[PDB]
């Protein structure tokens, strides 16, 4: 069930059909890698999951990107009359000393996914302190409908985190929660990504059942 990180095959990004999928594609964020790994696929169609990378401090030529591509994930829901799109990225390891595996996320809060004029009302993310929310995001941080984020090491908090940025970032093929295979969805609901005995690394998969809704309520920026 566990396969090499550099061998996990991403899902292709389908042409979106459902209202939920169309909105998730429309508002796909972009990601600039300032520090650490590029994002990787965590799971493939048959449910096999990535083995990630052991933490081994500074290393040249590890996790710069899979030969098979990359991935970004999204799950969406109505929260207090606002449509929340939570995007998540997986990385094979993460600093802050560090750990195998990593997850980061950005929530794009929009008014109405069904509207041709759907609009970003807010953004929240896995920031170094709190969720670094903006309601709405400043224009300098948004490229069209795409929020610009940076994956970085915050050296004051000692955390691997996301922040908004003016700089252009990279896009990844999007697979939405509803369009995952049953097997892949099971693996993401059920895998423990934290190797510590007492779960101290904060490595819950942010889109999974019983984390997803709770995170949306915690991050609520309005």
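Residue numbers count along the first chain shown, from 1.
- According to the entry, the stretch of the deposited sequence that connects residue 96 to residue 97 contains 10 or more residues lacking coordinates, which leaves a long gap in the model.
- Remark: stretch with higher mean C-alpha B factor among 111 to 119 and 135 to 143 is 111 to 119.
- Set 200 to 208 against 21 to 29 and average the Cα temperature factors; 200 to 208 ends up higher.
- Among 181, 172, 176, 168, the highest C-alpha B-factor recorded in the PDB entry belongs to 168.
- Residue-level temperature factors show residue 63 in the highest third of its chain, judged at the C-alpha atom.
- Residue 69 sits in the middle third of its chain by CA B factor, as recorded in the PDB entry.
- Placement of the Cα temperature factor of residue 81 within the chain: highest third of the modelled residues, per the deposited record.
- Compared with the other modelled residues of the chain, the Cα B-factor recorded for residue 164 ranks in the lowest third.
- Among all modelled residues in its chain, residue 43 ranks in the lowest third by Cα B-factor.
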